[PDB]
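Chains, contacts and geometry: an overview
Take a look at the letters that make up each chain.
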10 protein chains.
Amino acid sequence: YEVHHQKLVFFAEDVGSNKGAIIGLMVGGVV
Amino acid sequence: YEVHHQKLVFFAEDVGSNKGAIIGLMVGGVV
Amino acid sequence: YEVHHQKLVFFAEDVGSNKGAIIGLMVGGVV
Amino acid sequence: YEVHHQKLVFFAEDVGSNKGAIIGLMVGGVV
Amino acid sequence: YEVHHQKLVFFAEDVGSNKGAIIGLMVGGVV
Amino acid sequence: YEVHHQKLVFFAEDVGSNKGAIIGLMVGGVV
Amino acid sequence: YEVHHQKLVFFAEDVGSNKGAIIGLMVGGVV
Amino acid sequence: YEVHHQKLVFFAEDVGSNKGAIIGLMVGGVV
Amino acid sequence: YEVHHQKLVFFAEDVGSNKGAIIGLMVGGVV
Amino acid sequence: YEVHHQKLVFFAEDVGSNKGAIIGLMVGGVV
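Residues numbered from 1 in each chain as written, not as in the entry; some residues may be left out. Chains lettered and ligands numbered in written order. Heavy atoms only, no water.

The deposited coordinates derive from cryo-EM, with the record listing a resolution of 3.5 Å.

**Brief notes about unusual backbone geometry**
Working note: non-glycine residues mostly have negative phi, and peptide bonds are mostly trans. Quick reminder of the rule: Each residue gets one of three labels from its accessible area relative to the maximum for its type: buried under 20%, exposed over 50%, partly exposed in between, using a 1.4 Å probe on protein chains only.
A positive phi angle, close to 50°, is found at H5(D), a residue other than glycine. Judged by its relative accessible area of 34%, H5(D) is partly exposed.

**Some details on the arrangement of the chains**
As a reminder, the rule being used: We call two residues in contact when some of their heavy atoms are within 4.5 Å.
Where chain F comes nearest to chain I, the C-alpha atoms are still 13 Å apart, and the two do not contact one another. Contact between chain F and chain J is absent, and the minimum C-alpha spacing across the pair is 18 Å.

**A few points about the sheet that holds strand β2 (residues 21-23) of chain A**
Counted only if it meets this: Strands qualify as paired when DSSP identifies two bridges or more between them. We count a stretch as a helix when DSSP gives it H or I for four or more residues in a row; a strand needs E for two or more, and each element gets its number in order from the N terminus. All axes are obtained by fitting lines to C-alpha atoms, using only the stretch in contact for helices, and the reported angles, taken between N-to-C directions, cover 0 to 180 degrees.
If you trace the five strands from one edge of the open sheet to the other, you get β3(B)-β2(A)-β2(C)-β2(D)-β2(E), paired in parallel fashion. This sheet does not close on itself; its edge strands, each paired only once, are β3 (21-23) of chain B together with β2 (21-23) of chain E. Between one strand axis and the next, the sheet turns by 0° as a mean value, whatever way the strands run. Where strand β2 (residues 21-23) of chain C meets strand β2 (residues 21-23) of chain D, three bridges bridge the pair, whose relative direction is parallel. Each bridged residue has a counterpart across the sheet, and for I22(C) the counterpart in β2(D) is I22(D).

**Brief notes about the environment of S17(E)**
By the secondary structure assignment, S17(E) is in the loop between β1 (2-15) and β2. When neighbours within four sequence positions are excluded, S17(E) is seen to be in contact with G16(D), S17(D), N18(D) and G16(J).

**Some details on the packing of aromatic side chains**
The cut-off we apply is this: Planes of paired rings set the category: under 30 degrees apart is stacked, over 60 is edge-to-face and the rest tilted, where pairs are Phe, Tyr or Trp rings (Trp by its six-membered ring) whose centres lie within 6.5 Å.
Under the definition given, this model contains 24 aromatic pairs over all chains. With centroids separated by 5.0 Å and ring planes inclined at 0°, the aromatic side chains of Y1(A) and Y1(B) adopt a geometry described as stacked. Taken together, the residues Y1(A) in the segment before β1 (2-15) and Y1(B) in the segment before β1 (2-11) connect one chain to another.

**Quick look at the pattern of salt bridges**
The condition that has to hold: The term salt bridge refers to a side-chain nitrogen of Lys or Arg lying within 4 Å of a carboxyl oxygen of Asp or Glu.
Across all of its chains, the model carries eight salt bridges over all chains by this definition. Of the charged contacts, one joins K19(G) and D14(B) as a salt bridge, the two residues approaching to 3.2 Å between their closest N and O atoms. Residue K19(G) is located in the loop between β1 (2-15) and β2 (21-23), and its partner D14(B) is located in strand β2 (residues 14-15); the two belong to separate chains. A residue is classified by how much of its surface remains accessible, and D14(B), at 38% relative accessible area, is partly exposed.

**Examining the interface of chain I and chain J**
This is how the line gets drawn: What counts as buried area is the accessible surface, traced by a 1.4 Å probe, that two parts surrender upon association, with contributions from both included. Residues adjacent in sequence count toward polar contacts only when both atoms are side-chain atoms; beyond that, a polar contact is any pair of N or O atoms within 3.5 Å, and within protein one must be able to donate a hydrogen and the other to accept it.
Taken together, the contacts link 31 residues of chain I with 31 residues of chain J. Taking both partners together, chain I and chain J bury about 2500 Å²; carbon and sulfur atoms supply 51% of that area. Across the chain I-chain J interface, the total number found is zero salt bridges. Applying the counting criterion to the chain I and chain J interface returns 33 residue pairs in polar contact. Of all the secondary-structure elements, those providing two or more residues to the side of chain I that touches chain J are β1 (2-15) and β2 (21-23) of chain I. The element contributing the most residues to the side of chain I that touches chain J is β1(I), with 14 residues.

Following this line, the structure appears as structure tokens:
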């Protein structure tokens, strides 16, 4: 898994109640 | 998995209750 | 898992009650 | 797990009561 | 787990009562 | 407005984020 | 507004973040 | 506003962050 | 505003951070 | 505002940080 040179902007203003995953970036795995 | 040079903008203003996944970027895996 | 040169900005202004994961960046694993 | 050269900014202004994980960055593991 | 050259800024202004984990950075482990 | 002898049962198990009104009973008015 | 003899049961188990009104009973008014 | 003989049961088990009104009973007014 | 003979039971087990009103009973007014 | 003969039970077990009003009973006014 070669992952590089990633300019990332993430906005999540108002979240009532997250019942799961909020991932800005995932290179791998299990969710 | 060669992943590079990614300019990403993500907006999620109001989220009541997320019952799953909110992924800005996923190079691989299981969700 | 080769992960490098990542300029990341993450905003989560108001969160009532998170019942899961809020990950700015995950290189791997289980969530 | 080779993880380097990561310029990261994380904002979480108001959080009522977090019932899970708020991770700025995770190189691996279980959550 | 090779983790280096990480410039990290973390903000958590007001937190009512955290019932979990608030991690600025996790190189590994169990949470 | 004569309203009487009302046996009422109301269930609302999981509500993500209510953006309006959840009224078990309204005898009148404006909503 | 004559309102009487009202046996009422109200359940709201899990609410992420209410952005409005949750009224078990309203005899009148403005909401 | 004649309001009487009201046997009321109200349950609100888990509330992340209420951004409005949770009223068991309102005889009148403005909300 | 005639309000009488009100047997009321109110439960609010866990509340992360209330950003509004939690009223067991309101005979009138402004909220 | 005639308010009488009110048998009231109120439970609020765990409250992280209340940012508003928790009123068992309000006969009137401004909140």
